[PDB]
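Text of the file protein_32.pdb, holding PDB, C-alpha atoms and all ligand atoms:
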ATOM      1  CA  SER A 981     -14.418   2.608 -29.640  1.00  0.00           C
ATOM      2  CA  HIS A 982     -15.126  -0.314 -32.049  1.00  0.00           C
ATOM      3  CA  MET A 983     -15.710  -3.203 -29.690  1.00  0.00           C
ATOM      4  CA  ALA A 984     -13.611  -5.856 -31.471  1.00  0.00           C
ATOM      5  CA  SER A 985     -10.358  -3.969 -30.670  1.00  0.00           C
ATOM      6  CA  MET A 986     -11.056  -2.579 -27.152  1.00  0.00           C
ATOM      7  CA  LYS A 987      -8.232  -3.292 -24.677  1.00  0.00           C
ATOM      8  CA  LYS A 988      -8.453  -4.590 -21.090  1.00  0.00           C
ATOM      9  CA  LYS A 989      -6.447  -3.043 -18.266  1.00  0.00           C
ATOM     10  CA  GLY A 990      -4.053  -5.525 -16.706  1.00  0.00           C
ATOM     11  CA  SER A 991      -3.926  -6.907 -13.195  1.00  0.00           C
ATOM     12  CA  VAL A 992      -1.926  -5.363 -10.373  1.00  0.00           C
ATOM     13  CA  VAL A 993       1.185  -7.554 -10.016  1.00  0.00           C
ATOM     14  CA  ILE A 994       3.302  -8.202  -6.938  1.00  0.00           C
ATOM     15  CA  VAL A 995       6.870  -7.348  -7.998  1.00  0.00           C
ATOM     16  CA  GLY A 996       8.620  -7.536  -4.627  1.00  0.00           C
ATOM     17  CA  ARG A 997       8.365  -6.960  -0.920  1.00  0.00           C
ATOM     18  CA  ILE A 998       9.550  -4.854   1.992  1.00  0.00           C
ATOM     19  CA  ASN A 999      11.287  -7.298   4.279  1.00  0.00           C
ATOM     20  CA  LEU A1000      10.629  -6.510   7.957  1.00  0.00           C
ATOM     21  CA  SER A1001      11.197 -10.011   9.351  1.00  0.00           C
ATOM     22  CA  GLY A1002      14.685  -9.406  10.817  1.00  0.00           C
ATOM     23  CA  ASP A1003      16.695  -6.577  12.366  1.00  0.00           C
ATOM     24  CA  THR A1004      17.059  -4.709   9.026  1.00  0.00           C
ATOM     25  CA  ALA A1005      14.287  -3.458   6.699  1.00  0.00           C
ATOM     26  CA  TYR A1006      15.090  -3.881   3.024  1.00  0.00           C
ATOM     27  CA  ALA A1007      13.392  -3.991  -0.363  1.00  0.00           C
ATOM     28  CA  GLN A1008      13.517  -7.213  -2.409  1.00  0.00           C
ATOM     29  CA  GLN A1009      12.495  -7.499  -6.067  1.00  0.00           C
ATOM     30  CA  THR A1010      10.833 -10.805  -7.041  1.00  0.00           C
ATOM     31  CA  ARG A1011       9.858  -9.971 -10.636  1.00  0.00           C
ATOM     32  CA  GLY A1012      11.489  -7.782 -13.315  1.00  0.00           C
ATOM     33  CA  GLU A1013       9.769  -5.597 -15.907  1.00  0.00           C
ATOM     34  CA  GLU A1014       9.157  -8.200 -18.668  1.00  0.00           C
ATOM     35  CA  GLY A1015       7.692 -10.811 -16.306  1.00  0.00           C
ATOM     36  CA  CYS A1016       5.621  -8.096 -14.669  1.00  0.00           C
ATOM     37  CA  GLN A1017       4.068  -7.069 -18.026  1.00  0.00           C
ATOM     38  CA  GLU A1018       3.316 -10.727 -18.938  1.00  0.00           C
ATOM     39  CA  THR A1019       1.804 -11.441 -15.480  1.00  0.00           C
ATOM     40  CA  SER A1020      -0.304  -8.252 -15.733  1.00  0.00           C
ATOM     41  CA  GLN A1021      -1.860  -9.518 -18.963  1.00  0.00           C
ATOM     42  CA  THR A1022      -2.649 -13.087 -17.883  1.00  0.00           C
ATOM     43  CA  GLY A1023      -3.376 -12.280 -14.234  1.00  0.00           C
ATOM     44  CA  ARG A1024      -1.588 -15.548 -13.458  1.00  0.00           C
ATOM     45  CA  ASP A1025       1.230 -15.221 -10.899  1.00  0.00           C
ATOM     46  CA  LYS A1026       2.660 -18.504  -9.603  1.00  0.00           C
ATOM     47  CA  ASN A1027       5.350 -16.785  -7.472  1.00  0.00           C
ATOM     48  CA  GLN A1028       5.279 -17.653  -3.748  1.00  0.00           C
ATOM     49  CA  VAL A1029       4.213 -14.612  -1.679  1.00  0.00           C
ATOM     50  CA  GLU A1030       5.792 -13.844   1.701  1.00  0.00           C
ATOM     51  CA  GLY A1031       5.631 -11.037   4.256  1.00  0.00           C
ATOM     52  CA  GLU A1032       3.330  -8.188   5.184  1.00  0.00           C
ATOM     53  CA  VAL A1033       4.258  -5.425   2.723  1.00  0.00           C
ATOM     54  CA  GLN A1034       4.250  -6.079  -1.022  1.00  0.00           C
ATOM     55  CA  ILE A1035       5.639  -3.920  -3.769  1.00  0.00           C
ATOM     56  CA  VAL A1036       3.022  -3.835  -6.529  1.00  0.00           C
ATOM     57  CA  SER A1037       2.940  -2.532 -10.084  1.00  0.00           C
ATOM     58  CA  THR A1038       0.513  -1.673 -12.842  1.00  0.00           C
ATOM     59  CA  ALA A1039       1.564  -0.820 -16.396  1.00  0.00           C
ATOM     60  CA  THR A1040       2.059   2.822 -15.335  1.00  0.00           C
ATOM     61  CA  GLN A1041       2.814   2.980 -11.568  1.00  0.00           C
ATOM     62  CA  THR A1042       4.624   1.157  -8.750  1.00  0.00           C
ATOM     63  CA  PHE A1043       3.440   1.404  -5.129  1.00  0.00           C
ATOM     64  CA  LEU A1044       2.870  -0.717  -1.979  1.00  0.00           C
ATOM     65  CA  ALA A1045       0.187  -3.012  -0.621  1.00  0.00           C
ATOM     66  CA  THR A1046      -0.104  -4.104   3.012  1.00  0.00           C
ATOM     67  CA  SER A1047      -1.782  -7.149   4.569  1.00  0.00           C
ATOM     68  CA  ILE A1048      -3.961  -6.507   7.649  1.00  0.00           C
ATOM     69  CA  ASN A1049      -6.596  -8.951   8.949  1.00  0.00           C
ATOM     70  CA  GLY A1050      -6.205 -11.249   5.920  1.00  0.00           C
ATOM     71  CA  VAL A1051      -6.871  -8.486   3.396  1.00  0.00           C
ATOM     72  CA  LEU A1052      -4.168  -6.991   1.158  1.00  0.00           C
ATOM     73  CA  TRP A1053      -4.912  -3.256   1.143  1.00  0.00           C
ATOM     74  CA  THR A1054      -3.770  -0.494  -1.173  1.00  0.00           C
ATOM     75  CA  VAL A1055      -4.785   2.911  -2.579  1.00  0.00           C
ATOM     76  CA  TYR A1056      -7.532   3.364  -5.215  1.00  0.00           C
ATOM     77  CA  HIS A1057      -5.416   6.069  -6.856  1.00  0.00           C
ATOM     78  CA  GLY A1058      -2.856   3.382  -7.657  1.00  0.00           C
ATOM     79  CA  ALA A1059      -4.868   0.235  -8.276  1.00  0.00           C
ATOM     80  CA  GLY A1060      -8.200   1.671  -9.478  1.00  0.00           C
ATOM     81  CA  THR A1061     -10.672  -1.220  -9.825  1.00  0.00           C
ATOM     82  CA  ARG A1062      -7.996  -3.643 -11.067  1.00  0.00           C
ATOM     83  CA  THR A1063      -7.784  -7.310 -10.279  1.00  0.00           C
ATOM     84  CA  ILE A1064      -4.578  -8.671  -8.723  1.00  0.00           C
ATOM     85  CA  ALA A1065      -2.595 -11.519 -10.286  1.00  0.00           C
ATOM     86  CA  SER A1066      -2.668 -14.775  -8.356  1.00  0.00           C
ATOM     87  CA  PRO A1067      -1.747 -18.466  -8.858  1.00  0.00           C
ATOM     88  CA  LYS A1068      -5.330 -19.242  -9.978  1.00  0.00           C
ATOM     89  CA  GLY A1069      -5.620 -16.169 -12.228  1.00  0.00           C
ATOM     90  CA  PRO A1070      -6.893 -12.622 -11.634  1.00  0.00           C
ATOM     91  CA  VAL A1071      -8.579 -11.947  -8.303  1.00  0.00           C
ATOM     92  CA  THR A1072     -11.380  -9.363  -8.057  1.00  0.00           C
ATOM     93  CA  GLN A1073     -11.289  -6.695  -5.313  1.00  0.00           C
ATOM     94  CA  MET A1074     -13.106  -7.606  -2.123  1.00  0.00           C
ATOM     95  CA  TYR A1075     -13.240  -3.914  -1.145  1.00  0.00           C
ATOM     96  CA  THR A1076     -13.326  -0.795  -3.287  1.00  0.00           C
ATOM     97  CA  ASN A1077     -13.852   2.654  -1.779  1.00  0.00           C
ATOM     98  CA  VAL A1078     -12.922   5.677  -3.908  1.00  0.00           C
ATOM     99  CA  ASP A1079     -14.018   7.994  -1.025  1.00  0.00           C
ATOM    100  CA  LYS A1080     -11.387   6.555   1.331  1.00  0.00           C
ATOM    101  CA  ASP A1081      -8.864   6.009  -1.523  1.00  0.00           C
ATOM    102  CA  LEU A1082      -8.901   2.365  -0.481  1.00  0.00           C
ATOM    103  CA  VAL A1083      -9.029  -1.041  -2.106  1.00  0.00           C
ATOM    104  CA  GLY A1084      -8.515  -4.579  -0.789  1.00  0.00           C
ATOM    105  CA  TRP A1085      -8.151  -8.143  -2.073  1.00  0.00           C
ATOM    106  CA  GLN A1086      -8.096 -11.378  -0.188  1.00  0.00           C
ATOM    107  CA  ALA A1087      -4.551 -11.628   1.207  1.00  0.00           C
ATOM    108  CA  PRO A1088      -2.446 -13.979  -0.952  1.00  0.00           C
ATOM    109  CA  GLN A1089      -1.672 -17.452   0.419  1.00  0.00           C
ATOM    110  CA  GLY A1090       1.801 -17.151   1.958  1.00  0.00           C
ATOM    111  CA  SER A1091       1.362 -13.525   3.050  1.00  0.00           C
ATOM    112  CA  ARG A1092       1.467 -12.648   6.742  1.00  0.00           C
ATOM    113  CA  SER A1093      -0.922 -10.024   8.148  1.00  0.00           C
ATOM    114  CA  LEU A1094      -0.200  -7.207  10.582  1.00  0.00           C
ATOM    115  CA  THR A1095      -2.537  -6.912  13.603  1.00  0.00           C
ATOM    116  CA  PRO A1096      -4.725  -3.801  14.004  1.00  0.00           C
ATOM    117  CA  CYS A1097      -3.398  -1.501  16.729  1.00  0.00           C
ATOM    118  CA  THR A1098      -5.231  -1.295  20.055  1.00  0.00           C
ATOM    119  CA  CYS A1099      -2.689   0.914  21.904  1.00  0.00           C
ATOM    120  CA  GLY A1100      -4.195   4.339  21.112  1.00  0.00           C
ATOM    121  CA  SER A1101      -0.530   5.393  20.766  1.00  0.00           C
ATOM    122  CA  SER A1102       0.651   8.458  18.809  1.00  0.00           C
ATOM    123  CA  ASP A1103       4.334   7.528  18.161  1.00  0.00           C
ATOM    124  CA  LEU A1104       4.385   5.948  14.654  1.00  0.00           C
ATOM    125  CA  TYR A1105       6.674   4.647  11.875  1.00  0.00           C
ATOM    126  CA  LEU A1106       6.164   4.880   8.094  1.00  0.00           C
ATOM    127  CA  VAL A1107       7.703   2.169   5.900  1.00  0.00           C
ATOM    128  CA  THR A1108       8.576   3.456   2.389  1.00  0.00           C
ATOM    129  CA  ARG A1109       8.961   1.537  -0.886  1.00  0.00           C
ATOM    130  CA  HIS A1110      12.736   1.837  -0.465  1.00  0.00           C
ATOM    131  CA  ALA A1111      12.463   0.189   2.958  1.00  0.00           C
ATOM    132  CA  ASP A1112      13.152   3.358   4.953  1.00  0.00           C
ATOM    133  CA  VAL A1113      11.523   3.491   8.400  1.00  0.00           C
ATOM    134  CA  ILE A1114      10.514   7.143   8.937  1.00  0.00           C
ATOM    135  CA  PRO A1115       9.323   8.258  12.388  1.00  0.00           C
ATOM    136  CA  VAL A1116       5.914   9.984  12.365  1.00  0.00           C
ATOM    137  CA  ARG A1117       4.049  11.742  15.209  1.00  0.00           C
ATOM    138  CA  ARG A1118       0.291  11.155  14.912  1.00  0.00           C
ATOM    139  CA  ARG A1119      -1.469  14.546  14.658  1.00  0.00           C
ATOM    140  CA  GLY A1120      -5.069  13.473  14.006  1.00  0.00           C
ATOM    141  CA  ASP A1121      -7.134  10.447  13.010  1.00  0.00           C
ATOM    142  CA  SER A1122      -5.649  10.515   9.492  1.00  0.00           C
ATOM    143  CA  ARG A1123      -2.658  12.891   9.726  1.00  0.00           C
ATOM    144  CA  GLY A1124       0.936  12.546  10.990  1.00  0.00           C
ATOM    145  CA  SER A1125       3.965  14.836  10.912  1.00  0.00           C
ATOM    146  CA  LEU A1126       7.398  13.698   9.742  1.00  0.00           C
ATOM    147  CA  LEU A1127       9.956  14.228  12.521  1.00  0.00           C
ATOM    148  CA  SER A1128      12.435  15.095   9.713  1.00  0.00           C
ATOM    149  CA  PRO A1129      11.112  16.609   6.427  1.00  0.00           C
ATOM    150  CA  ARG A1130      12.054  15.083   3.045  1.00  0.00           C
ATOM    151  CA  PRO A1131      11.495  16.000  -0.607  1.00  0.00           C
ATOM    152  CA  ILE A1132       8.323  14.459  -2.118  1.00  0.00           C
ATOM    153  CA  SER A1133      10.526  12.271  -4.382  1.00  0.00           C
ATOM    154  CA  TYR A1134      11.410  10.322  -1.193  1.00  0.00           C
ATOM    155  CA  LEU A1135       7.787   9.216  -0.569  1.00  0.00           C
ATOM    156  CA  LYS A1136       6.722   8.743  -4.193  1.00  0.00           C
ATOM    157  CA  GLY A1137       5.450   5.207  -4.678  1.00  0.00           C
ATOM    158  CA  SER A1138       4.918   4.492  -0.963  1.00  0.00           C
ATOM    159  CA  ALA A1139       1.119   4.910  -1.002  1.00  0.00           C
ATOM    160  CA  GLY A1140      -0.433   1.677   0.280  1.00  0.00           C
ATOM    161  CA  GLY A1141       2.481   1.140   2.720  1.00  0.00           C
ATOM    162  CA  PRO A1142       1.948   0.890   6.470  1.00  0.00           C
ATOM    163  CA  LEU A1143       2.178   3.174   9.475  1.00  0.00           C
ATOM    164  CA  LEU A1144       3.173   0.987  12.479  1.00  0.00           C
ATOM    165  CA  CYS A1145       2.977   1.417  16.356  1.00  0.00           C
ATOM    166  CA  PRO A1146       6.207   0.799  18.353  1.00  0.00           C
ATOM    167  CA  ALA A1147       4.941  -2.737  19.003  1.00  0.00           C
ATOM    168  CA  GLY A1148       4.448  -3.281  15.262  1.00  0.00           C
ATOM    169  CA  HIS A1149       0.656  -3.223  15.002  1.00  0.00           C
ATOM    170  CA  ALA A1150      -0.837  -1.604  11.916  1.00  0.00           C
ATOM    171  CA  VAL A1151      -2.041   1.920  12.693  1.00  0.00           C
ATOM    172  CA  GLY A1152      -2.786   2.949   9.069  1.00  0.00           C
ATOM    173  CA  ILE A1153      -2.147   2.839   5.308  1.00  0.00           C
ATOM    174  CA  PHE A1154      -0.138   5.713   3.763  1.00  0.00           C
ATOM    175  CA  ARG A1155      -2.307   7.691   1.330  1.00  0.00           C
ATOM    176  CA  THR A1156      -0.769  11.015   0.382  1.00  0.00           C
ATOM    177  CA  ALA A1157       2.077  13.378   1.258  1.00  0.00           C
ATOM    178  CA  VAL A1158       1.336  16.948   2.235  1.00  0.00           C
ATOM    179  CA  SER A1159       4.001  19.222   0.825  1.00  0.00           C
ATOM    180  CA  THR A1160       4.983  22.843   0.359  1.00  0.00           C
ATOM    181  CA  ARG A1161       7.349  23.757  -2.495  1.00  0.00           C
ATOM    182  CA  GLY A1162       8.321  20.068  -2.927  1.00  0.00           C
ATOM    183  CA  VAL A1163       9.091  19.219   0.724  1.00  0.00           C
ATOM    184  CA  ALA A1164       6.895  16.711   2.579  1.00  0.00           C
ATOM    185  CA  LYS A1165       6.348  17.716   6.206  1.00  0.00           C
ATOM    186  CA  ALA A1166       3.211  15.714   6.864  1.00  0.00           C
ATOM    187  CA  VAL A1167       1.435  12.573   5.689  1.00  0.00           C
ATOM    188  CA  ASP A1168      -2.184  11.589   5.251  1.00  0.00           C
ATOM    189  CA  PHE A1169      -3.099   7.968   5.999  1.00  0.00           C
ATOM    190  CA  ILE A1170      -6.137   5.724   6.151  1.00  0.00           C
ATOM    191  CA  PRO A1171      -6.457   4.766   9.786  1.00  0.00           C
ATOM    192  CA  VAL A1172      -6.791   1.048  10.594  1.00  0.00           C
ATOM    193  CA  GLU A1173     -10.212   1.630  12.278  1.00  0.00           C
ATOM    194  CA  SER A1174     -11.447   2.799   8.894  1.00  0.00           C
ATOM    195  CA  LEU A1175     -10.246  -0.537   7.480  1.00  0.00           C
ATOM    196  CA  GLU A1176     -11.905  -2.385  10.355  1.00  0.00           C
ATOM    197  CA  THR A1177     -15.212  -0.591   9.651  1.00  0.00           C
ATOM    198  CA  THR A1178     -14.893  -1.548   5.991  1.00  0.00           C
ATOM    199  CA  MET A1179     -14.280  -5.165   7.149  1.00  0.00           C
ATOM    200  CA  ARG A1180     -17.681  -5.084   8.883  1.00  0.00           C
ATOM    201  CA  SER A1181     -19.047  -3.465   5.624  1.00  0.00           C
TER
HETATM  202  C1  LIG B   1       4.637  11.653  -2.740  1.00  0.00           C
HETATM  203  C2  LIG B   1       3.912  10.344  -2.389  1.00  0.00           C
HETATM  204  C3  LIG B   1       2.416  10.355  -2.092  1.00  0.00           C
HETATM  205  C4  LIG B   1       1.848   9.209  -1.327  1.00  0.00           C
HETATM  206  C5  LIG B   1       1.477   9.343  -2.757  1.00  0.00           C
HETATM  207  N1  LIG B   1       0.094   9.846  -2.990  1.00  0.00           N
HETATM  208  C6  LIG B   1      -0.220  10.702  -3.997  1.00  0.00           C
HETATM  209  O1  LIG B   1       0.594  11.061  -4.847  1.00  0.00           O
HETATM  210  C7  LIG B   1      -1.519  11.264  -3.995  1.00  0.00           C
HETATM  211  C8  LIG B   1      -2.398  10.756  -5.125  1.00  0.00           C
HETATM  212  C9  LIG B   1      -3.300  11.985  -5.331  1.00  0.00           C
HETATM  213  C10 LIG B   1      -2.347  13.175  -5.227  1.00  0.00           C
HETATM  214  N2  LIG B   1      -1.364  12.765  -4.190  1.00  0.00           N
HETATM  215  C11 LIG B   1      -0.486  13.540  -3.523  1.00  0.00           C
HETATM  216  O2  LIG B   1       0.237  12.995  -2.686  1.00  0.00           O
HETATM  217  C12 LIG B   1      -0.335  14.923  -3.755  1.00  0.00           C
HETATM  218  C13 LIG B   1       1.054  15.232  -4.370  1.00  0.00           C
HETATM  219  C14 LIG B   1       1.064  16.686  -4.861  1.00  0.00           C
HETATM  220  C15 LIG B   1       1.317  14.292  -5.556  1.00  0.00           C
HETATM  221  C16 LIG B   1       2.200  15.055  -3.361  1.00  0.00           C
HETATM  222  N3  LIG B   1      -0.513  15.667  -2.478  1.00  0.00           N
HETATM  223  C17 LIG B   1      -1.787  15.942  -1.954  1.00  0.00           C
HETATM  224  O3  LIG B   1      -2.784  15.563  -2.573  1.00  0.00           O
HETATM  225  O4  LIG B   1      -1.838  16.614  -0.762  1.00  0.00           O
HETATM  226  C18 LIG B   1      -3.153  17.076  -0.352  1.00  0.00           C
HETATM  227  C19 LIG B   1      -3.473  17.021   1.149  1.00  0.00           C
HETATM  228  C20 LIG B   1      -4.182  16.069   0.190  1.00  0.00           C
HETATM  229  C21 LIG B   1      -5.662  16.356  -0.192  1.00  0.00           C
HETATM  230  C22 LIG B   1      -5.972  15.650  -1.494  1.00  0.00           C
HETATM  231  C23 LIG B   1      -5.667  14.182  -1.288  1.00  0.00           C
HETATM  232  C24 LIG B   1      -6.541  13.423  -2.235  1.00  0.00           C
HETATM  233  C25 LIG B   1      -6.018  12.007  -2.114  1.00  0.00           C
HETATM  234  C26 LIG B   1      -6.355  11.386  -3.296  1.00  0.00           C
HETATM  235  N4  LIG B   1      -7.522  10.723  -3.347  1.00  0.00           N
HETATM  236  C27 LIG B   1      -7.913  10.107  -4.470  1.00  0.00           C
HETATM  237  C28 LIG B   1      -9.129   9.421  -4.505  1.00  0.00           C
HETATM  238  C29 LIG B   1      -9.513   8.776  -5.677  1.00  0.00           C
HETATM  239  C30 LIG B   1      -8.694   8.809  -6.803  1.00  0.00           C
HETATM  240  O5  LIG B   1      -9.112   8.177  -7.934  1.00  0.00           O
HETATM  241  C31 LIG B   1      -8.107   7.953  -8.924  1.00  0.00           C
HETATM  242  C32 LIG B   1      -7.482   9.504  -6.762  1.00  0.00           C
HETATM  243  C33 LIG B   1      -7.087  10.154  -5.597  1.00  0.00           C
HETATM  244  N5  LIG B   1      -5.909  10.805  -5.558  1.00  0.00           N
HETATM  245  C34 LIG B   1      -5.525  11.425  -4.424  1.00  0.00           C
HETATM  246  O6  LIG B   1      -4.346  12.111  -4.300  1.00  0.00           O
HETATM  247  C35 LIG B   1       2.056   8.221  -3.649  1.00  0.00           C
HETATM  248  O7  LIG B   1       3.072   7.599  -3.325  1.00  0.00           O
HETATM  249  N6  LIG B   1       1.337   7.896  -4.720  1.00  0.00           N
HETATM  250  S1  LIG B   1       1.945   6.815  -5.617  1.00  0.00           S
HETATM  251  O8  LIG B   1       2.334   5.570  -4.832  1.00  0.00           O
HETATM  252  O9  LIG B   1       3.171   7.463  -6.286  1.00  0.00           O
HETATM  253  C36 LIG B   1       0.745   6.279  -7.041  1.00  0.00           C
HETATM  254  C37 LIG B   1       0.821   4.916  -7.491  1.00  0.00           C
HETATM  255  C38 LIG B   1      -0.299   5.308  -6.683  1.00  0.00           C
HETATM  256 ZN    ZN B   2      -0.338  -0.833  18.914  1.00  0.00          ZN
END

Representation of the structure as structure tokens:
Amino acid sequence: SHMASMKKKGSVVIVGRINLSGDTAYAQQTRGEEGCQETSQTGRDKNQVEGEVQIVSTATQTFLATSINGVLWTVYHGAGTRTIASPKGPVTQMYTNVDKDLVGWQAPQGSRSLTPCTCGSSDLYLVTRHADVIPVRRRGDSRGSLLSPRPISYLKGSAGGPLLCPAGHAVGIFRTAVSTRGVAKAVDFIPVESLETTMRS
């Protein structure tokens, strides 16, 4: 302890994006490691934000955050209770729910939001932090199966990323991979209706 020397955790910092605006998905880095560490400390990020899916970092982890209905959502297991860096300084979470593994901040100016799905469709697509678009069959409210299994390395750092309907509506937020002996066959996600409930409380 000793209060005079106690440290503060830094802000979550946007360090890039998954670009989905064209015919090709690809990852873009907007901030390297030294700038990220500085921005984490001040909570002041003057970078212009664009797009729906951000790549975010703390001091110890890198993962995704997805804008839906003007809220930038990610996983509690990545972000904890942290603020996010913004042009005006650190921004406090608007939503925090450890039970859902969910947090949200006001979507950054410049971001674009995905629309919540209304199709009731079960043919889905998971966007990874490396900008891979993996097909996923919905198997329950919060479960989908990967049409082609991958090692868990392949999904590491994609928590907070979106599951999309063929149209491109947001169906959910990737939470955790279900694996056996290191191979991911299934995914757990936070369905968008759970977000929408949270957005009414
Ligand atoms: C491989 C990619 C994968 C998506 C990733 N998710 C995880 O690694 C989660 C985090 C943690 C364990 N995870 C797992 O995926 C494990 C693992 C063996 C690692 C594959 N699998 C697993 O549990 O399967 C069991 C069926 C589910 C039942 C148990 C699910 C419990 C979910 C969960 N809830 C809470 C609530 C509150 C918390 O407070 C701190 C913490 C939590 N942590 C949790 O799970 C990811 O990319 N992360 S990340 O981006 O690298 C990182 C920066 C954030
Ligand atoms: Zn839809």

Task: Surrounding residues as a ChimeraX atom specification, ligand LIG 1 (chain B), max 6 Å, all atoms listed in the file - done: /A:1041-1043,1056-1058,1078,1081,1132,1135-1139,1155-1158

Open item on the list: Please expand the PyMOL selection byres (((not hetatm)) within 12 of (chain B and resi 2)) into the concrete residues it hits in this file, giving the result as a PyMOL selection string.
Closed with: chain A and resi 1094-1105+1143-1152+1172

Task: For residue 1022 in chain A, the nearest of the candidates A:1048, A:1000, A:1036, A:1071, counting only C-alpha atoms - done: A:1071

Task: Closest of A:1087, A:1166, A:1013, A:1035 to residue 1049 in chain A - atom-to-atom distances counting all atoms listed in the file - done: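 When distances to residue 1049 in chain A are compared using all atoms listed in the file, the smallest one comes from A:1087.
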
Open item on the list: Please expand the PyMOL selection byres (((chain A and resi 1073) around 10) and not hetatm) into the concrete residues it hits in this file, giving the result as a PyMOL selection string.
Closed with: chain A and resi 1051-1053+1059-1064+1070-1072+1074-1076+1083-1086
